[PDB]
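Dropping my_file_29.cif in here (mmCIF, C-alpha atoms and all ligand atoms):
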```cif
data_target
loop_
_atom_site.label_atom_id
_atom_site.label_comp_id
_atom_site.auth_asym_id
_atom_site.auth_seq_id
_atom_site.Cartn_x
_atom_site.Cartn_y
_atom_site.Cartn_z
CA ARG A 57 -25.00 -42.45 -9.59
CA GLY A 58 -23.66 -38.89 -10.20
CA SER A 59 -26.34 -36.27 -9.41
CA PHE A 60 -24.33 -32.99 -9.86
CA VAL A 61 -23.33 -33.06 -13.57
CA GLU A 62 -23.17 -29.17 -13.96
CA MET A 63 -20.41 -28.96 -11.26
CA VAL A 64 -18.41 -32.12 -12.19
CA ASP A 65 -15.01 -31.23 -13.88
CA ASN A 66 -15.33 -27.48 -13.01
CA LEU A 67 -11.73 -27.19 -11.65
CA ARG A 68 -8.39 -26.55 -13.35
CA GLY A 69 -4.83 -26.36 -12.06
CA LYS A 70 -2.33 -28.63 -10.28
CA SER A 71 -0.81 -29.16 -6.79
CA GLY A 72 2.15 -26.80 -7.31
CA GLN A 73 0.11 -23.78 -8.53
CA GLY A 74 -3.29 -24.41 -7.00
CA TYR A 75 -6.74 -25.52 -8.19
CA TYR A 76 -9.19 -22.84 -9.31
CA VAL A 77 -12.84 -22.42 -10.24
CA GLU A 78 -14.37 -19.89 -12.58
CA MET A 79 -16.43 -17.13 -10.90
CA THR A 80 -18.10 -13.85 -11.94
CA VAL A 81 -18.27 -10.67 -9.90
CA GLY A 82 -20.27 -7.48 -10.64
CA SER A 83 -22.97 -6.22 -13.03
CA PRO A 84 -22.43 -6.87 -15.95
CA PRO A 85 -20.55 -10.06 -14.83
CA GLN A 86 -16.71 -9.90 -14.79
CA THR A 87 -15.21 -13.43 -15.19
CA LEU A 88 -12.22 -14.37 -12.98
CA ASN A 89 -10.36 -17.63 -12.13
CA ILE A 90 -10.42 -18.15 -8.40
CA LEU A 91 -8.13 -20.36 -6.23
CA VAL A 92 -10.16 -22.88 -4.10
CA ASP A 93 -8.68 -22.47 -0.58
CA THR A 94 -10.10 -24.39 2.42
CA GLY A 95 -7.20 -22.89 4.49
CA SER A 96 -8.47 -19.24 4.57
CA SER A 97 -11.83 -17.39 4.85
CA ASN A 98 -11.63 -14.28 2.63
CA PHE A 99 -12.87 -13.83 -0.93
CA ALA A 100 -10.08 -11.59 -2.24
CA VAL A 101 -9.53 -10.67 -5.91
CA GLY A 102 -6.94 -8.69 -7.90
CA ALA A 103 -8.53 -5.26 -8.48
CA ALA A 104 -5.64 -3.26 -10.00
CA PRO A 105 -3.06 -4.03 -12.76
CA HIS A 106 -0.29 -6.47 -11.81
CA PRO A 107 2.48 -7.97 -14.08
CA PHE A 108 1.22 -11.54 -13.34
CA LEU A 109 -2.50 -10.73 -13.90
CA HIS A 110 -4.06 -10.50 -17.37
CA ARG A 111 -7.42 -9.48 -15.86
CA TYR A 112 -8.76 -7.98 -12.63
CA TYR A 113 -11.93 -6.75 -10.88
CA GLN A 114 -12.93 -3.27 -12.14
CA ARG A 115 -15.28 -1.91 -9.41
CA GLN A 116 -16.05 1.31 -11.41
CA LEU A 117 -17.61 -0.91 -14.16
CA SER A 118 -19.94 -2.71 -11.75
CA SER A 119 -23.33 -1.06 -11.12
CA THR A 120 -23.93 -3.38 -8.10
CA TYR A 121 -20.59 -2.58 -6.40
CA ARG A 122 -20.99 -1.32 -2.77
CA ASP A 123 -18.04 0.32 -1.03
CA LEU A 124 -17.60 -0.75 2.63
CA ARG A 125 -15.12 2.21 3.20
CA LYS A 126 -12.66 -0.11 5.00
CA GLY A 127 -9.19 -1.43 4.24
CA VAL A 128 -7.63 -4.81 5.10
CA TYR A 129 -3.93 -5.87 5.24
CA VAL A 130 -3.25 -9.58 5.20
CA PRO A 131 0.43 -10.56 5.47
CA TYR A 132 1.46 -14.23 5.23
CA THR A 133 5.00 -15.67 4.78
CA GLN A 134 3.65 -17.27 1.51
CA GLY A 135 2.46 -13.86 0.12
CA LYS A 136 0.84 -10.62 1.26
CA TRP A 137 -2.05 -8.54 0.04
CA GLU A 138 -3.64 -5.18 0.83
CA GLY A 139 -7.25 -4.65 -0.10
CA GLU A 140 -10.32 -2.43 -0.04
CA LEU A 141 -13.49 -4.05 1.28
CA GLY A 142 -16.82 -3.92 -0.48
CA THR A 143 -19.70 -6.09 -1.65
CA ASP A 144 -21.02 -7.19 -5.08
CA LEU A 145 -23.09 -9.87 -6.81
CA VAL A 146 -21.15 -13.11 -7.30
CA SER A 147 -21.92 -16.30 -9.31
CA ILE A 148 -20.16 -19.60 -10.06
CA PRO A 149 -20.97 -20.36 -13.75
CA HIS A 150 -20.27 -24.11 -13.27
CA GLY A 151 -21.83 -24.08 -9.81
CA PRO A 152 -25.35 -23.79 -8.35
CA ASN A 153 -27.68 -21.57 -10.40
CA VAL A 154 -27.71 -18.76 -7.82
CA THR A 155 -26.35 -15.19 -7.49
CA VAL A 156 -25.15 -14.07 -4.02
CA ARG A 157 -24.34 -10.66 -2.56
CA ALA A 158 -20.90 -11.34 -0.97
CA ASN A 159 -17.95 -9.53 0.60
CA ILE A 160 -15.04 -8.90 -1.74
CA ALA A 161 -11.57 -7.70 -0.76
CA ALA A 162 -10.41 -5.71 -3.81
CA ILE A 163 -6.60 -6.30 -3.88
CA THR A 164 -4.88 -2.97 -4.68
CA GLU A 165 -1.30 -3.90 -3.56
CA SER A 166 0.44 -7.25 -3.01
CA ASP A 167 3.84 -8.86 -2.33
CA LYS A 168 4.55 -12.33 -3.85
CA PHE A 169 0.80 -13.23 -3.68
CA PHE A 170 0.05 -13.55 -7.42
CA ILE A 171 2.27 -16.22 -9.06
CA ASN A 172 3.57 -16.01 -12.66
CA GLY A 173 1.69 -18.62 -14.78
CA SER A 174 -0.91 -19.79 -12.15
CA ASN A 175 -3.98 -18.56 -14.26
CA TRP A 176 -5.93 -17.41 -11.12
CA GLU A 177 -6.74 -13.79 -10.24
CA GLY A 178 -8.15 -14.25 -6.72
CA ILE A 179 -8.74 -16.65 -3.79
CA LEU A 180 -11.96 -18.17 -2.48
CA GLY A 181 -11.42 -18.68 1.26
CA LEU A 182 -13.81 -21.53 2.23
CA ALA A 183 -12.89 -21.85 5.95
CA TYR A 184 -14.91 -20.28 8.86
CA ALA A 185 -15.48 -16.63 9.93
CA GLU A 186 -13.15 -17.04 12.98
CA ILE A 187 -10.06 -16.69 10.75
CA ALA A 188 -11.51 -14.07 8.31
CA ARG A 189 -9.64 -10.78 8.07
CA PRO A 190 -9.85 -8.16 9.57
CA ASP A 191 -12.08 -10.12 11.98
CA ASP A 192 -14.99 -12.56 12.19
CA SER A 193 -17.61 -9.88 11.39
CA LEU A 194 -16.60 -10.18 7.66
CA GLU A 195 -18.94 -12.92 6.48
CA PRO A 196 -17.09 -15.54 4.32
CA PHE A 197 -18.52 -16.30 0.83
CA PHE A 198 -19.83 -19.79 1.70
CA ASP A 199 -21.70 -18.41 4.76
CA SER A 200 -23.38 -15.73 2.47
CA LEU A 201 -24.18 -18.42 -0.12
CA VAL A 202 -25.96 -20.68 2.45
CA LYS A 203 -27.77 -17.74 4.16
CA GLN A 204 -29.11 -16.22 0.90
CA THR A 205 -30.05 -19.44 -0.99
CA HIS A 206 -31.37 -23.01 -0.48
CA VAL A 207 -27.86 -24.48 -1.21
CA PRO A 208 -27.18 -27.10 1.58
CA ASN A 209 -24.30 -26.22 3.98
CA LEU A 210 -21.75 -28.63 2.44
CA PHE A 211 -19.21 -28.70 -0.41
CA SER A 212 -16.96 -31.50 -1.68
CA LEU A 213 -13.63 -31.45 -3.49
CA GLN A 214 -12.10 -33.91 -5.92
CA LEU A 215 -8.57 -32.54 -6.75
CA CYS A 216 -7.09 -34.47 -9.71
CA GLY A 217 -3.32 -34.79 -10.01
CA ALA A 218 -2.34 -35.80 -13.58
CA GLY A 219 0.53 -38.10 -12.44
CA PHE A 220 2.87 -36.32 -14.87
CA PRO A 221 3.90 -32.68 -15.56
CA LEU A 222 1.39 -30.50 -17.45
CA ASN A 223 2.93 -27.75 -19.58
CA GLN A 224 1.56 -24.14 -19.89
CA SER A 225 -1.05 -25.12 -22.58
CA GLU A 226 -1.93 -28.58 -21.17
CA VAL A 227 -2.74 -27.22 -17.66
CA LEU A 228 -5.21 -24.71 -19.31
CA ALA A 229 -6.92 -27.47 -21.36
CA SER A 230 -6.91 -30.27 -18.73
CA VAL A 231 -9.68 -31.00 -16.19
CA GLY A 232 -8.14 -30.51 -12.72
CA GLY A 233 -11.09 -31.88 -10.78
CA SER A 234 -14.46 -31.01 -9.21
CA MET A 235 -15.90 -28.70 -6.58
CA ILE A 236 -19.50 -29.83 -5.82
CA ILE A 237 -21.33 -27.00 -4.02
CA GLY A 238 -24.22 -28.18 -1.88
CA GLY A 239 -23.66 -31.91 -2.37
CA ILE A 240 -21.83 -35.19 -2.88
CA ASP A 241 -21.45 -36.57 -6.38
CA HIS A 242 -21.20 -40.40 -6.05
CA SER A 243 -19.35 -40.75 -9.42
CA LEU A 244 -16.20 -39.01 -7.96
CA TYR A 245 -15.20 -41.77 -5.57
CA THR A 246 -15.06 -45.57 -5.06
CA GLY A 247 -15.87 -47.51 -1.90
CA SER A 248 -17.26 -45.90 1.24
CA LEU A 249 -17.04 -42.39 2.69
CA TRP A 250 -15.58 -42.32 6.22
CA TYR A 251 -16.10 -39.27 8.40
CA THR A 252 -13.80 -37.57 10.85
CA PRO A 253 -15.22 -34.81 13.14
CA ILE A 254 -14.31 -31.12 12.53
CA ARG A 255 -12.66 -30.51 15.97
CA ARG A 256 -13.38 -26.74 15.89
CA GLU A 257 -14.78 -24.43 13.20
CA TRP A 258 -11.92 -22.04 12.28
CA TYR A 259 -9.61 -23.86 9.84
CA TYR A 260 -11.03 -27.28 8.86
CA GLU A 261 -9.39 -28.84 11.95
CA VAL A 262 -9.08 -32.63 12.38
CA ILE A 263 -7.39 -35.11 14.77
CA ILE A 264 -4.81 -37.68 13.58
CA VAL A 265 -4.59 -40.62 16.06
CA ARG A 266 -1.89 -42.87 14.43
CA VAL A 267 0.64 -42.73 11.60
CA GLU A 268 2.09 -45.75 9.69
CA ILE A 269 4.83 -45.99 7.03
CA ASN A 270 4.22 -49.27 5.12
CA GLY A 271 2.17 -50.59 8.10
CA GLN A 272 4.98 -49.71 10.56
CA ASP A 273 3.72 -47.55 13.42
CA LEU A 274 5.62 -44.25 13.71
CA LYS A 275 4.91 -44.83 17.48
CA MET A 276 4.93 -41.19 18.59
CA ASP A 277 2.59 -39.76 21.26
CA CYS A 278 -0.47 -38.89 19.05
CA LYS A 279 -0.44 -35.28 20.47
CA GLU A 280 2.75 -34.79 18.37
CA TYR A 281 0.72 -35.44 15.15
CA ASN A 282 -1.63 -32.53 15.95
CA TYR A 283 0.91 -30.11 17.44
CA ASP A 284 -0.39 -27.36 17.40
CA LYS A 285 -3.27 -28.35 15.01
CA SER A 286 -4.02 -30.59 12.01
CA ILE A 287 -5.94 -29.05 9.08
CA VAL A 288 -7.28 -30.01 5.62
CA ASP A 289 -6.02 -27.30 3.26
CA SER A 290 -6.56 -27.21 -0.54
CA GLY A 291 -4.38 -24.02 -0.55
CA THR A 292 -1.20 -25.95 0.54
CA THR A 293 0.72 -28.08 -2.00
CA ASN A 294 2.45 -30.50 0.40
CA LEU A 295 1.63 -32.86 3.21
CA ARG A 296 3.23 -30.69 5.98
CA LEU A 297 4.20 -32.29 9.28
CA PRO A 298 5.29 -30.81 12.65
CA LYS A 299 9.12 -30.74 12.93
CA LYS A 300 9.45 -33.87 15.18
CA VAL A 301 6.91 -35.85 13.13
CA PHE A 302 8.62 -34.81 9.86
CA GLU A 303 12.06 -35.93 11.24
CA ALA A 304 10.64 -39.36 12.30
CA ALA A 305 8.60 -39.80 9.03
CA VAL A 306 11.62 -38.91 6.79
CA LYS A 307 13.84 -41.35 8.75
CA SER A 308 11.22 -44.13 8.26
CA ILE A 309 10.64 -43.23 4.53
CA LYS A 310 14.44 -43.28 3.94
CA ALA A 311 14.71 -46.70 5.73
CA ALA A 312 11.83 -48.14 3.59
CA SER A 313 13.41 -46.78 0.32
CA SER A 314 17.05 -47.65 1.36
CA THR A 315 17.86 -49.70 -1.85
CA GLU A 316 18.28 -46.22 -3.46
CA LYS A 317 20.15 -43.27 -1.90
CA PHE A 318 18.76 -39.79 -2.59
CA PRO A 319 20.62 -36.45 -2.06
CA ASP A 320 19.84 -34.35 1.06
CA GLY A 321 18.24 -31.71 -1.20
CA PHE A 322 15.63 -34.25 -2.38
CA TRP A 323 14.38 -34.92 1.20
CA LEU A 324 14.36 -31.11 1.80
CA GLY A 325 11.79 -30.79 -1.05
CA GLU A 326 14.24 -28.51 -2.96
CA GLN A 327 15.83 -30.83 -5.53
CA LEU A 328 14.19 -33.02 -8.15
CA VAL A 329 15.05 -36.73 -8.77
CA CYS A 330 14.68 -38.19 -12.26
CA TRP A 331 14.45 -41.68 -13.68
CA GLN A 332 14.48 -42.88 -17.29
CA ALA A 333 10.97 -42.60 -18.91
CA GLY A 334 8.49 -45.06 -17.34
CA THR A 335 11.02 -46.51 -14.82
CA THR A 336 10.06 -44.63 -11.59
CA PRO A 337 10.61 -47.29 -8.85
CA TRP A 338 7.24 -46.66 -7.13
CA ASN A 339 7.53 -50.06 -5.34
CA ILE A 340 10.64 -49.01 -3.30
CA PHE A 341 8.72 -46.09 -1.74
CA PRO A 342 6.33 -46.90 1.13
CA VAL A 343 2.63 -46.16 1.50
CA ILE A 344 1.64 -43.68 4.26
CA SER A 345 -1.45 -44.18 6.43
CA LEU A 346 -3.01 -41.44 8.54
CA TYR A 347 -5.55 -42.73 11.10
CA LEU A 348 -8.26 -40.19 11.86
CA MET A 349 -10.76 -39.98 14.73
CA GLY A 350 -14.07 -41.59 13.80
CA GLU A 351 -17.61 -40.35 14.43
CA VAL A 352 -18.31 -43.29 16.82
CA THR A 353 -16.67 -43.39 20.33
CA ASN A 354 -13.34 -45.36 20.45
CA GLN A 355 -13.44 -45.82 16.65
CA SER A 356 -10.92 -44.62 14.02
CA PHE A 357 -10.40 -45.12 10.27
CA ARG A 358 -7.34 -44.75 8.02
CA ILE A 359 -6.55 -43.03 4.74
CA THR A 360 -3.56 -44.48 2.81
CA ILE A 361 -1.58 -42.59 0.19
CA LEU A 362 0.97 -43.80 -2.29
CA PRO A 363 4.32 -42.30 -3.45
CA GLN A 364 2.23 -41.35 -6.60
CA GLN A 365 0.63 -38.82 -4.20
CA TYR A 366 3.63 -37.61 -2.17
CA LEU A 367 6.11 -37.47 -5.16
CA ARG A 368 5.02 -34.38 -7.13
CA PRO A 369 5.63 -34.64 -10.93
CA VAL A 370 7.84 -31.78 -12.23
CA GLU A 371 9.52 -31.17 -15.62
CA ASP A 372 13.33 -31.56 -15.82
CA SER A 376 14.26 -34.51 -21.34
CA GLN A 377 12.11 -37.64 -21.58
CA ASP A 378 12.89 -38.55 -17.93
CA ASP A 379 10.11 -38.75 -15.31
CA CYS A 380 11.07 -36.26 -12.53
CA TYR A 381 9.58 -35.50 -9.09
CA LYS A 382 9.98 -33.41 -6.00
CA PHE A 383 9.40 -34.87 -2.50
CA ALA A 384 6.07 -33.23 -1.42
CA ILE A 385 6.32 -33.88 2.35
CA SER A 386 7.76 -30.98 4.35
CA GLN A 387 8.35 -29.63 7.85
CA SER A 388 5.86 -27.22 9.54
CA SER A 389 6.04 -25.09 12.74
CA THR A 390 2.21 -24.58 12.61
CA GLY A 391 1.00 -28.20 12.82
CA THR A 392 -0.04 -30.83 10.28
CA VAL A 393 -1.32 -29.61 6.90
CA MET A 394 -3.10 -32.15 4.67
CA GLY A 395 -2.41 -30.30 1.42
CA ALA A 396 -3.20 -30.91 -2.26
CA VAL A 397 -0.89 -33.95 -2.68
CA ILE A 398 -2.96 -35.75 0.10
CA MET A 399 -6.34 -34.43 -1.20
CA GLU A 400 -5.39 -35.73 -4.68
CA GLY A 401 -5.79 -39.31 -3.39
CA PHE A 402 -9.33 -38.68 -2.11
CA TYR A 403 -12.76 -37.25 -2.64
CA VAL A 404 -13.09 -34.86 0.33
CA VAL A 405 -16.50 -33.89 1.71
CA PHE A 406 -16.58 -30.70 3.80
CA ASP A 407 -19.84 -31.43 5.64
CA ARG A 408 -20.22 -28.12 7.54
CA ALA A 409 -23.88 -28.91 8.40
CA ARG A 410 -22.84 -32.04 10.37
CA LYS A 411 -19.42 -30.62 11.54
CA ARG A 412 -17.48 -33.45 9.84
CA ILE A 413 -15.06 -34.21 6.97
CA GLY A 414 -15.53 -37.21 4.70
CA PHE A 415 -12.86 -39.18 2.87
CA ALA A 416 -13.30 -41.74 0.07
CA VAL A 417 -10.81 -43.11 -2.50
CA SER A 418 -10.85 -40.64 -5.46
CA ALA A 419 -11.97 -41.89 -8.87
CA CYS A 420 -9.03 -39.77 -10.24
CA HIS A 421 -6.14 -40.79 -7.87
CA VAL A 422 -2.83 -41.80 -9.53
CA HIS A 423 -1.81 -45.41 -8.77
CA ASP A 424 -0.11 -48.45 -10.38
CA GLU A 425 -1.29 -52.08 -11.00
CA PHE A 426 0.07 -53.24 -7.59
CA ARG A 427 -1.22 -50.68 -5.04
CA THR A 428 -4.08 -48.23 -4.66
CA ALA A 429 -4.93 -45.40 -2.21
CA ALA A 430 -7.36 -46.64 0.51
CA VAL A 431 -9.97 -45.42 3.06
CA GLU A 432 -10.60 -48.23 5.55
CA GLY A 433 -12.10 -48.94 8.94
CA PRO A 434 -13.16 -49.22 11.68
CA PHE A 435 -10.22 -49.64 14.08
CA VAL A 436 -10.55 -49.65 17.86
CA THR A 437 -8.68 -46.57 19.20
CA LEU A 438 -8.70 -45.40 22.85
CA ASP A 439 -8.17 -41.88 24.43
CA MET A 440 -8.39 -40.11 21.02
CA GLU A 441 -9.36 -36.78 22.69
CA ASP A 442 -5.84 -36.90 24.24
CA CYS A 443 -4.42 -36.61 20.65
CA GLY A 444 -5.86 -33.08 20.32
CA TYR A 445 -3.49 -30.28 21.34
CA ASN A 446 -4.52 -27.54 23.85
CA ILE A 447 -2.80 -24.05 24.26
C1 LIG B 1 -2.51 -26.36 -3.81
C2 LIG B 1 -2.09 -24.96 -3.79
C3 LIG B 1 -1.75 -23.81 -3.82
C4 LIG B 1 -1.37 -22.43 -3.84
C5 LIG B 1 -0.60 -21.90 -4.85
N1 LIG B 1 -0.22 -20.61 -4.88
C6 LIG B 1 -0.62 -19.84 -3.86
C7 LIG B 1 -1.38 -20.28 -2.79
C8 LIG B 1 -1.69 -19.44 -1.66
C9 LIG B 1 -1.17 -18.22 -1.26
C10 LIG B 1 -1.66 -17.73 -0.02
CL1 LIG B 1 -1.12 -16.24 0.65
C11 LIG B 1 -2.56 -18.60 0.57
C12 LIG B 1 -3.31 -18.51 1.87
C13 LIG B 1 -4.35 -17.41 1.79
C14 LIG B 1 -2.42 -18.19 3.05
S1 LIG B 1 -1.21 -19.46 3.32
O1 LIG B 1 -0.90 -19.49 4.73
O2 LIG B 1 -0.17 -19.35 2.32
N2 LIG B 1 -2.11 -20.89 2.94
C15 LIG B 1 -1.30 -22.13 3.08
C16 LIG B 1 -3.50 -20.92 2.59
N3 LIG B 1 -4.15 -22.03 2.60
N4 LIG B 1 -4.05 -19.71 2.25
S2 LIG B 1 -2.77 -19.98 -0.44
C17 LIG B 1 -1.74 -21.61 -2.80
#
```

Take the structure I supplied and represent it as structure tokens, if you would.
Amino acid sequence: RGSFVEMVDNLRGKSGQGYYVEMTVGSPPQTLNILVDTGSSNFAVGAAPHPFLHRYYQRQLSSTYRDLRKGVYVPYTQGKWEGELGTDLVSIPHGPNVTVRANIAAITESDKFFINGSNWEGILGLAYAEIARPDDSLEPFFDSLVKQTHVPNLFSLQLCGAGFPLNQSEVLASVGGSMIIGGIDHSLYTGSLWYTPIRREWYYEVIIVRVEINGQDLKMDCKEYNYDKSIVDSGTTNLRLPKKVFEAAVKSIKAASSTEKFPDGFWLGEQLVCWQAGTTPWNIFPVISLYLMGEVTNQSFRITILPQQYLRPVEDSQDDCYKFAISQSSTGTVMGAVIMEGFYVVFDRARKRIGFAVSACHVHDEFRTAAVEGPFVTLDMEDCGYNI
């Protein structure tokens, strides 16, 4: 049974541009579309005109706006923003029926942060205070929400990839998924939920203990899989792997799909590959299984994704085109949107654990499905975690 009907189907977007939820800030309420990001901890919104924004937060029009008289500069390689800190009343129209006083970073200047055509005007950082900017004294939105209300300390995400490209109008009209605040909606998944511990509360950090490509063990020291960390990040498009893991995984994926040769640019995630309408050879591409530390001692479980997850649909023609959505990282494993699209993901902050179940909206074919299975007997799993 599905017990959170008001929050089901409250997301829009896609893996390449991000998934967002509608929010309101200020008095009277100012509506904004907000990127759902489990990989950061700031609630930051556009608050000045920008060519790629059609709306922004107007603090002078909010009677409940409180100025914190403090600036914040947050530079990332993926985009940078400068903001002015303050507080205001915040609601999630298709969320719990509560109004919170929360910190807001009013973005006044930015460099390649807002993306042309994304439809979002801000970011909802759902990770922990440890990685909030300027420091951990700036309470993240979800912490304020739990402290001020009776909403349980848990949220769950069902990110829904369409399995095909969505044009400018389609992406605005389509349901991109669900963010259930304070609970688990049982209609969003099939089978059982399996839980992996949150290693440390900063990013949503996890431990990967084994990797298979079509059941074939990648056979690397498991520390390599979590070098220097492994995180679950709705604000990353790809499955990102540490350099050495990426090189071994791409070699194995190429060997499994060897009946068809792809250009170097395809494996670099830069070039698209196209096939005649309806003829994508899904079967030649292998499944990928990530084994995660279980809640019970010496116990693991696996999550299995299909090429329908790691081949991201892109428009070219009537051909079906894709980009390879597995890429190299120098900052550890990132289980991005293309992985999350296969699963219903429960961020159980109260019990310091992350749940995975097969998503009711994952893209598959008649021959294979994504899977969440266990238990498996796995020894010295603590040794898989990286230190320093
Ligand atoms: C699925 C999707 C998506 C998507 C699309 N367009 C923009 C973004 C982001 C830009 C920035 Cl900046 C982000 C930060 C705050 C820093 S980051 O290091 O780039 N990062 C990986 C993260 N999780 N948070 S997300 C995400």

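Pairwise distance (CA of residue 155 (chain A), CA of residue 141 (chain A)) equals 19.1 Å.
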
Worksheet entry | Selection as a ChimeraX atom specification: residues within 9 Å of ligand LIG 1 (chain B) by all atoms listed in the file | /A:69-75,91-98,130-137,168-171,174,179-181,289-294,393,395-397

Worksheet item: Which polymer residues, protein or nucleic acid, are no farther than 10 Å from (2.0, -50.4, -9.7), counting only C-alpha atoms, as a ChimeraX atom specification?
Response: /A:337-339,362,364,422-428

Selection from above, C-alpha atoms, as a short mmCIF file (atom, residue, chain, number, x, y, z; two decimals), in the frame of the given file, can you write it?
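The file below, out.cif, is the result:
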```
data_model
loop_
_atom_site.label_atom_id
_atom_site.label_comp_id
_atom_site.auth_asym_id
_atom_site.auth_seq_id
_atom_site.Cartn_x
_atom_site.Cartn_y
_atom_site.Cartn_z
CA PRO A 337 10.61 -47.29 -8.85
CA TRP A 338 7.24 -46.66 -7.13
CA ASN A 339 7.53 -50.06 -5.34
CA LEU A 362 0.97 -43.80 -2.29
CA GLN A 364 2.23 -41.35 -6.60
CA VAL A 422 -2.83 -41.80 -9.53
CA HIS A 423 -1.81 -45.41 -8.77
CA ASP A 424 -0.11 -48.45 -10.38
CA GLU A 425 -1.29 -52.08 -11.00
CA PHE A 426 0.07 -53.24 -7.59
CA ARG A 427 -1.22 -50.68 -5.04
CA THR A 428 -4.08 -48.23 -4.66
#
```

Worksheet item: For the point (-21.1, -26.2, -10.4) in file coordinates, what residues are within 8 Å, counting all atoms listed in the file? Give the answer as an MDAnalysis selection string?
Response: chainID A and resid 60:64 66 148:152 235:237

Practice prompt. Go ahead and compute the interatomic distance for CA of residue 197 (chain A) and CA of residue 258 (chain A), in Å to one decimal.
Written response: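 Going from CA of residue 197 (chain A) over to CA of residue 258 (chain A) covers 14.4 Å.
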
Worksheet item: Counting only C-alpha atoms, which of A:243, A:59, A:86, A:365 gets nearest to residue 177 (chain A)?
Response: A:86

Practice prompt. Mind giving me the straight-line distance from CA of residue 186 (chain A) to CA of residue 256 (chain A) in Å, one decimal?
Written response: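 These atoms are spaced 10.1 Å apart.
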
Find the smallest box with edges along x, y and z containing every listed atom of region 89-105 of chain A, then add 8 Å on each side and report centre and edge lengths in Å to one decimal, as lines of an AutoDock Vina configuration file.
```
center_x = -8.0
center_y = -13.8
center_z = -4.0
size_x = 25.8
size_y = 37.1
size_z = 33.6
```

Practice prompt. Can you work out which one of A:264, A:244, A:100, A:276 has the shortest atom-to-atom distance to residue 196 (chain A), counting only C-alpha atoms?
Written response: A:100

Worksheet entry | Shell around region 300-317 of chain A at 7 Å using only C-alpha atoms, local window under 2 positions removed, as a ChimeraX atom specification | /A:269,280-281,297-298,319,340-342,386-387

Fill in: Selected residue, from A:159, A:355, A:286, A:418, that lies nearest to residue 189 (chain A) when counting all atoms listed in the file
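Residue with the minimum atom-to-atom distance to residue 189 (chain A): A:159.
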
Item to complete: Excluding residue 84 (chain A) and any residue of its chain fewer than 5 positions from it, enumerate the residues within 12 Å of it, using all atoms listed in the file, and give them as a VMD selection string.
Response: chain A and resid 113 to 121 144 to 147

Could you turn the residues from that selection into a file that holds C-alpha atoms, as an mmCIF file, in the coordinates of the input?
```cif
data_model
loop_
_atom_site.group_PDB
_atom_site.id
_atom_site.type_symbol
_atom_site.label_atom_id
_atom_site.label_comp_id
_atom_site.auth_asym_id
_atom_site.auth_seq_id
_atom_site.Cartn_x
_atom_site.Cartn_y
_atom_site.Cartn_z
ATOM 1 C CA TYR A 113 -11.930 -6.750 -10.880
ATOM 2 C CA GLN A 114 -12.930 -3.270 -12.140
ATOM 3 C CA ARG A 115 -15.280 -1.910 -9.410
ATOM 4 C CA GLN A 116 -16.050 1.310 -11.410
ATOM 5 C CA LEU A 117 -17.610 -0.910 -14.160
ATOM 6 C CA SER A 118 -19.940 -2.710 -11.750
ATOM 7 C CA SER A 119 -23.330 -1.060 -11.120
ATOM 8 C CA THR A 120 -23.930 -3.380 -8.100
ATOM 9 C CA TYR A 121 -20.590 -2.580 -6.400
ATOM 10 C CA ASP A 144 -21.020 -7.190 -5.080
ATOM 11 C CA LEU A 145 -23.090 -9.870 -6.810
ATOM 12 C CA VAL A 146 -21.150 -13.110 -7.300
ATOM 13 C CA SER A 147 -21.920 -16.300 -9.310
#
```

Practice prompt. Check the smallest atom-to-atom distance from each of A:76, A:347, A:402, A:322 to residue 282 (chain A) using only C-alpha atoms, then report the winner.
Written response: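 So, comparing all the options, the nearest one is A:347.
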
Worksheet entry | Proximity to residue 213 (chain A) - best of A:343, A:109, A:158, A:240, all atoms listed in the file |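 Residue with the minimum atom-to-atom distance to residue 213 (chain A): A:240.
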
Practice prompt. May I have the residues within 10 Å of residue 383 (chain A) as JSON, numbers by chain, using all atoms listed in the file and disregarding those fewer than 2 positions away in the same chain?
Written response: {"A": [294, 295, 321, 322, 323, 324, 325, 326, 327, 328, 329, 363, 365, 366, 367, 368, 369, 381, 385, 386]}

Worksheet entry | Non-local contacts of residue 284 (chain A) (10 Å; only C-alpha atoms; under 4 positions in same chain excluded) as a VMD selection string | chain A and resid 279 to 280 298 389 to 392 444 to 447

Practice prompt. Identify, on the basis of all atoms listed in the file, every residue whose closest approach to residue 435 (chain A) does not exceed 10 Å; exclude the query and any residue fewer than 4 positions from it along the same chain; express the result as a list in words.
Written response: residues 347, 348, 349, 350, 354, 355, 356, 357 and 358 of chain A

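The shortest atom-to-atom distance to residue 336 (chain A), with only C-alpha atoms taken into account, belongs to A:380 out of A:380, A:320, A:262, A:407.
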